[PDB]
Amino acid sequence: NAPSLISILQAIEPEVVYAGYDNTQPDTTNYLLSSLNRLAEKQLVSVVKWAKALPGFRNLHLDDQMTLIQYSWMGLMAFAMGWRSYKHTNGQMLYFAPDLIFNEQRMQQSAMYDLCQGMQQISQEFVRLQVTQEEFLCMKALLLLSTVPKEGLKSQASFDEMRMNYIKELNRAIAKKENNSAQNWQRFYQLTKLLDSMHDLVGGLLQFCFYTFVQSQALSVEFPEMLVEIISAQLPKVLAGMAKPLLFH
């Protein structure tokens, strides 16, 4: 056979990115929120390299490629962050970058606190289910494919296929580790139910992101160049409500 896409997912998985954060700084709301936005920009390049290499993706209309990234960029970063929080801190802390990690204090100072808790719960869920690296990588792919234009895509031809495979390949992963079907059947629930749960969270994250952005002047936080563009394009579409989450349940 040809290489399993899972084996390719592993190959194209990005290496971790540093924030270039200065940890001697007092933890100040504005400074935290801004360095986070710096991090996002760096990660934004990473996730885009990734999606390109992501099998099936290039075969979508570039307006399709462009929209999917626009919607899901937040969820993918947040999801991946929760998986780092799990491997490194055991869901105890929010591990954004090896050099910027949110302890309790920082979550309170972020003025994102309730949103931080929410992200943390995603991480703890990872530790509760003991998600395997394979499960994670498949899930993260599906996340990309889990929010779509309310009016459907140009490549919907290609898309519905791709989405199916990554669902299939997710099954291939739940099946391999475990053995019994009663088990497979419930794994699949808990995992997909985890993916679904991401949507509500992202909404909240976005809500605040948008807010910080519009009020960036007043609040005095900085969104860097590349980051603005993406938000700028996304903000209107999602407020228009052209963005449809695809649930499992």
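Numbering starts at 1 and runs along the sequence shown.
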Which is higher on average in the deposited entry, the C-alpha temperature factors of 156 to 164 or of 137 to 145? 156 to 164
Comparing 36 to 44 with 60 to 68, which stretch shows the greater average C-alpha B-factor in the deposited entry? 60 to 68
Going by the CA temperature factor in the entry, name the top one among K150, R128, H88, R172. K150
For the chain shown, is the CA B-factor of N23 in the lowest, middle or highest third of its modelled residues? highest
What third of its chain, lowest, middle or highest, does the C-alpha temperature factor of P55 fall into? middle
Lowest, middle or highest third - CA B-factor, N179: highest
Taking only the Cα B-factors deposited for this chain, tell me whether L227 sits in the lowest, middle or highest third. middle
What third of the chain, by the recorded C-alpha B-factor, contains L191? lowest
